[PDB]
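Listing of input-v3.pdb, PDB, C-alpha atoms
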```pdb
ATOM      1  CA  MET A   1     -54.661  36.480 -60.691
ATOM      2  CA  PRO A   2     -56.980  36.582 -63.830
ATOM      3  CA  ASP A   3     -54.519  34.256 -65.694
ATOM      4  CA  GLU A   4     -55.508  31.056 -63.784
ATOM      5  CA  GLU A   5     -59.123  31.252 -65.094
ATOM      6  CA  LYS A   6     -57.740  31.465 -68.685
ATOM      7  CA  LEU A   7     -55.472  28.442 -67.917
ATOM      8  CA  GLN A   8     -58.570  26.559 -66.630
ATOM      9  CA  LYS A   9     -60.486  27.534 -69.852
ATOM     10  CA  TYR A  10     -57.467  26.505 -72.010
ATOM     11  CA  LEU A  11     -57.132  23.079 -70.292
ATOM     12  CA  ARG A  12     -60.924  22.351 -70.558
ATOM     13  CA  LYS A  13     -61.150  23.576 -74.223
ATOM     14  CA  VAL A  14     -58.028  21.595 -75.289
ATOM     15  CA  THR A  15     -59.320  18.474 -73.447
ATOM     16  CA  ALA A  16     -62.653  18.670 -75.349
ATOM     17  CA  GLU A  17     -60.729  19.102 -78.684
ATOM     18  CA  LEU A  18     -58.404  16.115 -77.860
ATOM     19  CA  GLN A  19     -61.558  14.058 -77.097
ATOM     20  CA  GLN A  20     -63.171  15.074 -80.446
ATOM     21  CA  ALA A  21     -59.949  14.158 -82.340
ATOM     22  CA  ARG A  22     -60.054  10.712 -80.588
ATOM     23  CA  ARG A  23     -63.812  10.218 -81.367
ATOM     24  CA  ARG A  24     -62.938  10.828 -85.081
ATOM     25  CA  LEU A  25     -59.741   8.698 -85.457
ATOM     26  CA  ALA A  26     -60.676   5.863 -82.998
ATOM     27  CA  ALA A  27     -63.449   4.899 -85.488
ATOM     28  CA  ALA A  28     -62.624   6.401 -88.944
ATOM     29  CA  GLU A  29     -58.954   5.239 -88.945
ATOM     30  CA  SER A  30     -59.328   2.233 -86.572
ATOM     31  CA  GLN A  31     -61.835   0.388 -88.869
ATOM     32  CA  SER A  32     -58.672  -0.186 -91.027
ATOM     33  CA  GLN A  33     -57.548  -2.788 -88.365
ATOM     34  CA  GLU A  34     -59.288  -6.022 -89.462
ATOM     35  CA  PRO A  35     -59.898  -9.405 -87.768
ATOM     36  CA  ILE A  36     -57.371 -12.229 -88.340
ATOM     37  CA  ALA A  37     -58.630 -15.730 -89.221
ATOM     38  CA  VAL A  38     -57.121 -18.899 -87.736
ATOM     39  CA  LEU A  39     -56.992 -21.081 -90.887
ATOM     40  CA  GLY A  40     -55.658 -24.268 -89.255
ATOM     41  CA  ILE A  41     -53.986 -25.767 -86.175
ATOM     42  CA  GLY A  42     -51.483 -28.530 -85.419
ATOM     43  CA  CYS A  43     -50.458 -29.533 -81.861
ATOM     44  CA  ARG A  44     -48.918 -32.084 -79.426
ATOM     45  CA  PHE A  45     -50.014 -32.198 -75.761
ATOM     46  CA  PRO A  46     -49.775 -34.640 -72.801
ATOM     47  CA  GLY A  47     -51.920 -37.816 -72.762
ATOM     48  CA  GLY A  48     -51.299 -38.704 -76.455
ATOM     49  CA  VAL A  49     -53.122 -35.632 -77.890
TER      50      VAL A  49
ATOM     51  CA  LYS B   1     -57.954  22.581 -58.411
ATOM     52  CA  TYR B   2     -57.286  22.219 -62.190
ATOM     53  CA  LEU B   3     -57.679  19.649 -65.053
ATOM     54  CA  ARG B   4     -53.857  19.630 -65.832
ATOM     55  CA  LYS B   5     -53.084  15.934 -64.938
ATOM     56  CA  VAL B   6     -56.151  14.611 -66.846
ATOM     57  CA  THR B   7     -55.242  16.908 -69.796
ATOM     58  CA  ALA B   8     -51.627  15.545 -69.780
ATOM     59  CA  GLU B   9     -52.866  11.893 -69.643
ATOM     60  CA  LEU B  10     -55.371  12.616 -72.485
ATOM     61  CA  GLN B  11     -52.580  14.290 -74.572
ATOM     62  CA  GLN B  12     -50.497  11.080 -74.111
ATOM     63  CA  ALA B  13     -53.594   8.976 -75.023
ATOM     64  CA  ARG B  14     -54.126  11.148 -78.216
ATOM     65  CA  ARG B  15     -50.441  10.691 -79.278
ATOM     66  CA  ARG B  16     -51.066   6.863 -79.210
ATOM     67  CA  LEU B  17     -53.457   7.339 -82.254
ATOM     68  CA  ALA B  18     -50.231   7.132 -84.407
ATOM     69  CA  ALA B  19     -51.951   4.519 -86.667
ATOM     70  CA  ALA B  20     -53.385   7.589 -88.528
ATOM     71  CA  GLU B  21     -49.757   8.734 -89.214
ATOM     72  CA  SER B  22     -48.626   5.148 -90.032
ATOM     73  CA  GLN B  23     -51.002   5.366 -93.103
ATOM     74  CA  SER B  24     -47.781   6.210 -94.955
ATOM     75  CA  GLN B  25     -45.352   6.186 -91.985
ATOM     76  CA  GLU B  26     -44.384   8.183 -88.888
ATOM     77  CA  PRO B  27     -40.585   8.752 -88.699
ATOM     78  CA  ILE B  28     -38.938   7.405 -85.527
ATOM     79  CA  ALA B  29     -36.417   9.581 -83.662
ATOM     80  CA  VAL B  30     -33.289   8.086 -82.066
ATOM     81  CA  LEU B  31     -33.186  10.080 -78.795
ATOM     82  CA  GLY B  32     -30.013   8.589 -77.258
ATOM     83  CA  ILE B  33     -27.611   5.638 -77.604
ATOM     84  CA  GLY B  34     -25.491   3.701 -75.106
ATOM     85  CA  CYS B  35     -22.878   1.124 -76.185
ATOM     86  CA  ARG B  36     -19.846  -1.039 -75.284
ATOM     87  CA  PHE B  37     -17.570  -2.256 -78.110
ATOM     88  CA  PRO B  38     -14.023  -3.691 -78.529
ATOM     89  CA  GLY B  39     -11.024  -1.337 -78.116
ATOM     90  CA  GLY B  40     -12.333   0.412 -74.944
ATOM     91  CA  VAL B  41     -15.296   2.132 -76.681
TER      92      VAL B  41
END
```

Could you show the structure in this file as structure tokens?
Amino acid sequence: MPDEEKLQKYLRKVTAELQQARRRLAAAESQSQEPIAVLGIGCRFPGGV
Amino acid sequence: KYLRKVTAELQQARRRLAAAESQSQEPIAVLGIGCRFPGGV
């Protein structure tokens, strides 16, 4: 009876805290994932390429 | 009418931030194993 409103508050509050944890890590950690350079290429393809 | 499914999906999407644990490592659990081997195993 009153419990369902506390479950709704819990779910909303937790969802906002999960979102804030993502907004932190998905920049502050994720900047540690750099670009990769292609230094050089060799290949063979049809038509004498 | 409740947020429960969105909250469960967003919990699963938070757990995929494991790069922050990989900074040293996250240990990996073996949950279950199936096998066939010689000698009727």

Please produce, as a tab-separated table, a per-residue contact table for chain A versus chain B (criterion: any atom at most 12 Å away, only C-alpha atoms considered), showing the nearest atom pair and its distance in Å to one decimal, sorted by chain then residue number.
```
residue	atom	partner	partner_atom	distance
A:4	CA	B:2	CA	9.2
A:5	CA	B:2	CA	9.7
A:6	CA	B:2	CA	11.3
A:7	CA	B:2	CA	8.6
A:8	CA	B:2	CA	6.3
A:9	CA	B:3	CA	9.6
A:10	CA	B:3	CA	9.8
A:11	CA	B:3	CA	6.3
A:12	CA	B:3	CA	6.9
A:13	CA	B:7	CA	9.9
A:14	CA	B:7	CA	7.7
A:15	CA	B:7	CA	5.7
A:16	CA	B:7	CA	9.4
A:17	CA	B:11	CA	10.3
A:18	CA	B:14	CA	6.6
A:19	CA	B:10	CA	7.9
A:20	CA	B:14	CA	10.1
A:21	CA	B:14	CA	7.7
A:22	CA	B:14	CA	6.4
A:23	CA	B:14	CA	10.2
A:24	CA	B:17	CA	10.5
A:25	CA	B:20	CA	7.1
A:26	CA	B:17	CA	7.4
A:27	CA	B:17	CA	10.8
A:28	CA	B:20	CA	9.3
A:29	CA	B:20	CA	6.1
A:30	CA	B:19	CA	7.7
A:31	CA	B:19	CA	10.9
A:32	CA	B:19	CA	9.3
A:33	CA	B:19	CA	9.4
```

Checklist entry - If you measure from CA of residue 37 in chain A to CA of residue 24 in chain B, what distance in Å do you get, rounded to one decimal? => result 25.1 Å

Checklist entry - To one decimal place, how far is CA of residue 34 in chain A from CA of residue 29 in chain B in Å? => result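 That distance, rounded to one decimal, is 28.3 Å.
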
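For the pair CA of residue 25 in chain B and CA of residue 36 in chain A, the interatomic distance is 22.3 Å.
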
What are the centre and the three edge lengths of an axis-aligned box that wraps all atoms of range 9-27 of chain B in the file, given that 3 Å is added to every side, written as AutoDock Vina command-line options and rounded to one decimal in Å?
```
--center_x -48.0 --center_y 9.4 --center_z -82.3 --size_x 20.8 --size_y 15.8 --size_z 31.3
```

Complete the atoms of range 3-37 of chain B to N, CA and C atoms and put them out as a PDB file, in the frame of the given file.
```
ATOM      1  N   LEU B   3     -57.601  20.856 -64.209  1.00  0.00           N
ATOM      2  CA  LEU B   3     -57.679  19.649 -65.053  1.00  0.00           C
ATOM      3  C   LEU B   3     -56.309  19.105 -65.531  1.00  0.00           C
ATOM      4  N   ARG B   4     -55.212  19.827 -65.270  1.00  0.00           N
ATOM      5  CA  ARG B   4     -53.857  19.630 -65.832  1.00  0.00           C
ATOM      6  C   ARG B   4     -53.376  18.176 -65.960  1.00  0.00           C
ATOM      7  N   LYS B   5     -53.517  17.347 -64.921  1.00  0.00           N
ATOM      8  CA  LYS B   5     -53.084  15.934 -64.938  1.00  0.00           C
ATOM      9  C   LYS B   5     -53.905  15.086 -65.909  1.00  0.00           C
ATOM     10  N   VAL B   6     -55.229  15.247 -65.889  1.00  0.00           N
ATOM     11  CA  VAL B   6     -56.151  14.611 -66.846  1.00  0.00           C
ATOM     12  C   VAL B   6     -55.852  15.081 -68.269  1.00  0.00           C
ATOM     13  N   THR B   7     -55.635  16.381 -68.482  1.00  0.00           N
ATOM     14  CA  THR B   7     -55.242  16.908 -69.796  1.00  0.00           C
ATOM     15  C   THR B   7     -53.923  16.294 -70.281  1.00  0.00           C
ATOM     16  N   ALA B   8     -52.901  16.178 -69.430  1.00  0.00           N
ATOM     17  CA  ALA B   8     -51.627  15.545 -69.780  1.00  0.00           C
ATOM     18  C   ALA B   8     -51.774  14.049 -70.121  1.00  0.00           C
ATOM     19  N   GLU B   9     -52.544  13.294 -69.337  1.00  0.00           N
ATOM     20  CA  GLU B   9     -52.866  11.893 -69.643  1.00  0.00           C
ATOM     21  C   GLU B   9     -53.629  11.756 -70.974  1.00  0.00           C
ATOM     22  N   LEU B  10     -54.598  12.634 -71.243  1.00  0.00           N
ATOM     23  CA  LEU B  10     -55.371  12.616 -72.485  1.00  0.00           C
ATOM     24  C   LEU B  10     -54.576  13.123 -73.704  1.00  0.00           C
ATOM     25  N   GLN B  11     -53.580  13.997 -73.533  1.00  0.00           N
ATOM     26  CA  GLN B  11     -52.580  14.290 -74.572  1.00  0.00           C
ATOM     27  C   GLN B  11     -51.764  13.038 -74.912  1.00  0.00           C
ATOM     28  N   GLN B  12     -51.235  12.337 -73.909  1.00  0.00           N
ATOM     29  CA  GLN B  12     -50.497  11.080 -74.111  1.00  0.00           C
ATOM     30  C   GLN B  12     -51.372  10.012 -74.791  1.00  0.00           C
ATOM     31  N   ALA B  13     -52.636   9.877 -74.383  1.00  0.00           N
ATOM     32  CA  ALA B  13     -53.594   8.976 -75.023  1.00  0.00           C
ATOM     33  C   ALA B  13     -53.978   9.394 -76.463  1.00  0.00           C
ATOM     34  N   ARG B  14     -53.961  10.698 -76.813  1.00  0.00           N
ATOM     35  CA  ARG B  14     -54.126  11.148 -78.216  1.00  0.00           C
ATOM     36  C   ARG B  14     -52.910  10.785 -79.071  1.00  0.00           C
ATOM     37  N   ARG B  15     -51.697  10.988 -78.557  1.00  0.00           N
ATOM     38  CA  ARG B  15     -50.441  10.691 -79.278  1.00  0.00           C
ATOM     39  C   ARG B  15     -50.311   9.211 -79.673  1.00  0.00           C
ATOM     40  N   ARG B  16     -50.932   8.306 -78.905  1.00  0.00           N
ATOM     41  CA  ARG B  16     -51.066   6.863 -79.210  1.00  0.00           C
ATOM     42  C   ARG B  16     -52.024   6.528 -80.378  1.00  0.00           C
ATOM     43  N   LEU B  17     -52.699   7.504 -80.994  1.00  0.00           N
ATOM     44  CA  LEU B  17     -53.457   7.339 -82.254  1.00  0.00           C
ATOM     45  C   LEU B  17     -52.559   7.305 -83.514  1.00  0.00           C
ATOM     46  N   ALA B  18     -51.246   7.105 -83.351  1.00  0.00           N
ATOM     47  CA  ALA B  18     -50.231   7.132 -84.407  1.00  0.00           C
ATOM     48  C   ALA B  18     -50.501   6.218 -85.617  1.00  0.00           C
ATOM     49  N   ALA B  19     -51.429   5.262 -85.525  1.00  0.00           N
ATOM     50  CA  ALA B  19     -51.951   4.519 -86.667  1.00  0.00           C
ATOM     51  C   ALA B  19     -52.370   5.453 -87.822  1.00  0.00           C
ATOM     52  N   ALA B  20     -53.005   6.592 -87.523  1.00  0.00           N
ATOM     53  CA  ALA B  20     -53.385   7.589 -88.528  1.00  0.00           C
ATOM     54  C   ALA B  20     -52.178   8.229 -89.242  1.00  0.00           C
ATOM     55  N   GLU B  21     -51.011   8.286 -88.600  1.00  0.00           N
ATOM     56  CA  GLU B  21     -49.757   8.734 -89.214  1.00  0.00           C
ATOM     57  C   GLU B  21     -49.059   7.584 -89.950  1.00  0.00           C
ATOM     58  N   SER B  22     -49.160   6.365 -89.416  1.00  0.00           N
ATOM     59  CA  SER B  22     -48.626   5.148 -90.032  1.00  0.00           C
ATOM     60  C   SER B  22     -49.223   4.827 -91.412  1.00  0.00           C
ATOM     61  N   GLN B  23     -50.317   5.500 -91.805  1.00  0.00           N
ATOM     62  CA  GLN B  23     -51.002   5.366 -93.103  1.00  0.00           C
ATOM     63  C   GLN B  23     -50.044   5.456 -94.303  1.00  0.00           C
ATOM     64  N   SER B  24     -49.025   6.313 -94.198  1.00  0.00           N
ATOM     65  CA  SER B  24     -47.781   6.210 -94.955  1.00  0.00           C
ATOM     66  C   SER B  24     -46.699   5.676 -94.008  1.00  0.00           C
ATOM     67  N   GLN B  25     -46.224   6.520 -93.101  1.00  0.00           N
ATOM     68  CA  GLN B  25     -45.352   6.186 -91.985  1.00  0.00           C
ATOM     69  C   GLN B  25     -45.276   7.388 -91.032  1.00  0.00           C
ATOM     70  N   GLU B  26     -44.911   7.146 -89.776  1.00  0.00           N
ATOM     71  CA  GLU B  26     -44.384   8.183 -88.888  1.00  0.00           C
ATOM     72  C   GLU B  26     -42.878   7.941 -88.729  1.00  0.00           C
ATOM     73  N   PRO B  27     -42.007   8.943 -88.894  1.00  0.00           N
ATOM     74  CA  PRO B  27     -40.585   8.752 -88.699  1.00  0.00           C
ATOM     75  C   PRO B  27     -40.283   8.529 -87.225  1.00  0.00           C
ATOM     76  N   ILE B  28     -39.292   7.707 -86.908  1.00  0.00           N
ATOM     77  CA  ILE B  28     -38.938   7.405 -85.527  1.00  0.00           C
ATOM     78  C   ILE B  28     -37.626   8.087 -85.180  1.00  0.00           C
ATOM     79  N   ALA B  29     -37.594   8.871 -84.117  1.00  0.00           N
ATOM     80  CA  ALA B  29     -36.417   9.581 -83.662  1.00  0.00           C
ATOM     81  C   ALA B  29     -35.561   8.699 -82.763  1.00  0.00           C
ATOM     82  N   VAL B  30     -34.261   8.631 -83.016  1.00  0.00           N
ATOM     83  CA  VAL B  30     -33.289   8.086 -82.066  1.00  0.00           C
ATOM     84  C   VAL B  30     -32.945   9.173 -81.059  1.00  0.00           C
ATOM     85  N   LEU B  31     -33.401   9.054 -79.817  1.00  0.00           N
ATOM     86  CA  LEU B  31     -33.186  10.080 -78.795  1.00  0.00           C
ATOM     87  C   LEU B  31     -31.810  10.003 -78.145  1.00  0.00           C
ATOM     88  N   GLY B  32     -31.269   8.806 -77.967  1.00  0.00           N
ATOM     89  CA  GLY B  32     -30.013   8.589 -77.258  1.00  0.00           C
ATOM     90  C   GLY B  32     -29.523   7.170 -77.450  1.00  0.00           C
ATOM     91  N   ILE B  33     -28.214   6.954 -77.392  1.00  0.00           N
ATOM     92  CA  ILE B  33     -27.611   5.638 -77.604  1.00  0.00           C
ATOM     93  C   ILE B  33     -26.566   5.369 -76.541  1.00  0.00           C
ATOM     94  N   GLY B  34     -26.597   4.200 -75.919  1.00  0.00           N
ATOM     95  CA  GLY B  34     -25.491   3.701 -75.106  1.00  0.00           C
ATOM     96  C   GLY B  34     -24.859   2.491 -75.768  1.00  0.00           C
ATOM     97  N   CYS B  35     -23.554   2.285 -75.619  1.00  0.00           N
ATOM     98  CA  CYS B  35     -22.878   1.124 -76.185  1.00  0.00           C
ATOM     99  C   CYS B  35     -21.603   0.720 -75.439  1.00  0.00           C
ATOM    100  N   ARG B  36     -21.174  -0.526 -75.623  1.00  0.00           N
ATOM    101  CA  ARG B  36     -19.846  -1.039 -75.284  1.00  0.00           C
ATOM    102  C   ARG B  36     -19.358  -1.824 -76.488  1.00  0.00           C
ATOM    103  N   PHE B  37     -18.143  -1.588 -76.942  1.00  0.00           N
ATOM    104  CA  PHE B  37     -17.570  -2.256 -78.110  1.00  0.00           C
ATOM    105  C   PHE B  37     -16.079  -2.520 -77.889  1.00  0.00           C
TER     106      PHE B  37
END
```
